[PDB]
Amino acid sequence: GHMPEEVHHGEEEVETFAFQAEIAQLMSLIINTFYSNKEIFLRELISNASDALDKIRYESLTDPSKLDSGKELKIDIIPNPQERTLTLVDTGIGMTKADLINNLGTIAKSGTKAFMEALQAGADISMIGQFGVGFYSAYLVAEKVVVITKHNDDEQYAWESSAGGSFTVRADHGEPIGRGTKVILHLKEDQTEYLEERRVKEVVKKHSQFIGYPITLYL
């Protein structure tokens, strides 16, 4: 019948960080400018998943136990019309917390910087992947992006950013993906075409027709 009052927790559960300025500049650039072919975002995500799937499979031959979390190497695409989300799940190698904060918030600095310099000298947005930072093209279509990831050597973590100059990371006790990465795009009001059946088939067939892993569409 008492009333305790927990004045201190084990660890801070929600950490907030600022992107390196160059990453923020590119993100502000992406989320605001016009691009005629915004469908390429899905190509960049599928491209990242192929790489994550490749990396766990390379390690799969030297150590067969690294598929403890799942033996199927696949990509799943789930539009959710009533939540305005599109999610891509892969069972690739995933990311540790250290990698997640570092890769998305910090060491992307060089690629984003070189890419912006490239843009002013006449490159276009579709070259973003040749600068290793294709992930940020998600903001062509999303007002908010969430990344859930699970690496064999770490726990599951959730990353989030609405492109306001900062991102958050927290331990995700939500649904366990056993290994890999889940990207959740909260789409802008005008990009709801990517919640429809035909259009998503159209984009995968147009851009990722030669991926060496199965892509499954869930409606």
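Start at 1 and count along the sequence shown; that's the residue number. Throughout, rigid core stands for the largest set of C-alpha atoms superposing within 1.5 Å between the two forms.
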| item | value |
| --- | --- |
| Higher C-alpha RMS shift from the shown form in 8 other deposited structures of this protein - 103-111 or 67-75, rigid core fit | 103-111 |
| Of 32-40 and 163-171, which departs more from this form in 8 other deposited structures of this protein by CA RMS after core fitting | 32-40 |
| Mean C-alpha B-factor comparison - 147-155 and 53-61, higher one | 53-61 |
| Mean Cα B-factor comparison, 170-178 or 24-32, giving the higher one as deposited | 170-178 |
| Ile77, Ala142, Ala114, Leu73, ranked by C-alpha B-factor: the highest one | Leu73 |
| Assigned third (lowest, middle, highest) for the C-alpha B factor of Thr96 | middle |
| Cα B factor band for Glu39 (lowest, middle or highest third within the chain) | middle |
| Third of the chain, ranked by Cα B-factor, where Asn103 sits | middle |
| CA B-factor placement of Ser69, once the chain's modelled residues are sorted into thirds | highest |
| Record-listed C-alpha B factor of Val203: chain third | middle |
